[PDB]
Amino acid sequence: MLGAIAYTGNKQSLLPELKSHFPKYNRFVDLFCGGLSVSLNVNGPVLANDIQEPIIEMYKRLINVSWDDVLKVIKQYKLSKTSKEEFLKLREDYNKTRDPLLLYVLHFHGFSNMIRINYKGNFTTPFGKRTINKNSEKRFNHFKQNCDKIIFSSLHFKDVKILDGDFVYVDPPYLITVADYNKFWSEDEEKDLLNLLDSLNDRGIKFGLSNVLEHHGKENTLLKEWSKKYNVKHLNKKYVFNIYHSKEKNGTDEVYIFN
């Protein structure tokens, strides 16, 4: 299922499986929305939250722009797969003005359609010899067709108010796998997240957590044990199969921990 934008570690492929395990609810809370592949494909009302505010402001702005408004900007900066000079100009403009729409047009031309913003709030992703494709507005239309049920916010996960009747889906960065957004993570942040879930559990709040217990040779010991306190499902078909025809130093172990 499509997400609003390309995004490292998205759940487009896993969404269908994850939904099957989702409970019934009065309000859905996507604590770490990211590219929204989760928020866009569940029943509302939805609360999509993410720490990276510049990205949330882009979503808030997308709600009121047409594809034409987007093509108008691409035509204005004369952007193409070979327009490095113009890509740099557009990047400079966004870094100064912080026009949310200019950021959306930027990602379409950056390296791997990735959005890398430093602490100063500026876009550092290099040109990617890319541009919109005959399927770029497919995501855009998916977003427009499902944004009406969503309420965005850009707060640190700790500051989000969870209420009775809500279901909390958590998909934080993963220490064991590389990802630009790892910069916002540390062991400390994870402990607070883990502490936070237990609370919702003791408050009659159902939640769901995505993560990886193992990868390439490392492991998240602390989480491995913590998870034994709930219901666990191993989503990576390859890791599951090789447990029986294994050698040892193999791949990733994707899971969905839900109370």
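Residue numbers here begin at 1 and follow the sequence given.
So, looking at the entry's B-factor column for Cα atoms, which has the higher mean, 190-198 or 63-71?
So the stretch with the higher mean C-alpha B-factor is 190-198.
Which is higher on average in the deposited entry, the C-alpha temperature factors of 2-10 or of 250-258?
Going by the record's values, the stretch with the higher mean is 250-258.
Among the choices 56, 47, 222, 209, identify the one whose CA B-factor in the record is greatest.
Largest recorded C-alpha B-factor: 222.
Going by the recorded CA B-factors, say which third of the chain residue 80 sits in, lowest, middle or highest.
Highest third.
Based on the deposited C-alpha B factors for this chain, I'd like to know if residue 243 is in the lowest, middle or highest third.
Highest third, going by the recorded CA B-factors of the chain.
Taking only the Cα B-factors deposited for this chain, tell me whether residue 132 sits in the lowest, middle or highest third.
Middle third - that is where residue 132 ends up once the chain's C-alpha B-factors are sorted.
Relative to the other modelled residues in the chain, which third contains the C-alpha temperature factor of residue 39: lowest, middle or highest?
Tercile = lowest for this residue's CA B-factor.
For the chain shown, is the CA B-factor of residue 95 in the lowest, middle or highest third of its modelled residues?
As the PDB entry reports it, the C-alpha B-factor of residue 95 lands in the lowest third of its chain.
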